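Participant: Here's a sequence, model it:
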Amino acid sequence: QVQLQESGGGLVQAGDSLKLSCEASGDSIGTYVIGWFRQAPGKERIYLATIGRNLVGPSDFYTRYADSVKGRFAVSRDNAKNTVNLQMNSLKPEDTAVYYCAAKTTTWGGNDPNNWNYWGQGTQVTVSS
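Facilitator: Numbering: from 1, shown residues only. Let me share the structure:
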């Protein structure tokens, strides 16, 4: 149903911000719940954030964040550009990882990388100091 491709990764310095994009092709990203995950070189793939497809207010879609990033990361939705973004602020070396976005069609499962329908290729983010 959807193809996802992340982009925006690169080498950044600690303390900087980076904005990642998860662009869909083949379908509209507007009817899929989108989630962000990242995986450090030898660690397990961990959940970062999810953004619903339903408006909660005029300009805000439902949104959830994992404890390790709540307050520093912000996920946003642009259906018009078939893109969901992940704004990452005050980066630390511990944020170095390959970042992935995934898509599912239900609200359930919650925060496990186990039950997502479609996955991106991953984009590398390296935070040095």
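Participant: which stretches of the protein form strands?
Facilitator: Secondary structure of the chain (DSSP state E): strands located at 3-7, 11-13, 18-25, 33-39, 46-57, 60-65, 73-78, 83-88, 97-104, 118-119, 123-128.
Participant: So what's the gap between the third one and the chain middle?
Facilitator: The one in question is strand 18-25. Here the centre of strand 18-25 is set off from its chain's centre by 8 Å, with CA atoms, centre = their mean, to the nearest Å.
Participant: Give me the contact list for it.
Facilitator: With CB atoms under 8 Å, 6 or more residues apart in numbering as the test, strand 18-25 has contacts from 2-10, 12, 29, 32, 34, 36, 81-88, 91, 99, 101, 103, 120, 123, 125. Just so you know, the C-beta spots here come from the backbone N, C-alpha and C atoms, and that holds for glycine as well.
Participant: Could you measure from the nearest residue to residue 26 once chain neighbours are set aside over to residue 83?
Facilitator: Nearest residue to residue 26 in three dimensions, chain neighbours excluded: residue 3, at 4.9 Å (CB to CB, 6 or more residues apart in numbering). The gap separating residue 3 from residue 83 is 13 Å, by CB to CB, to the nearest Å.
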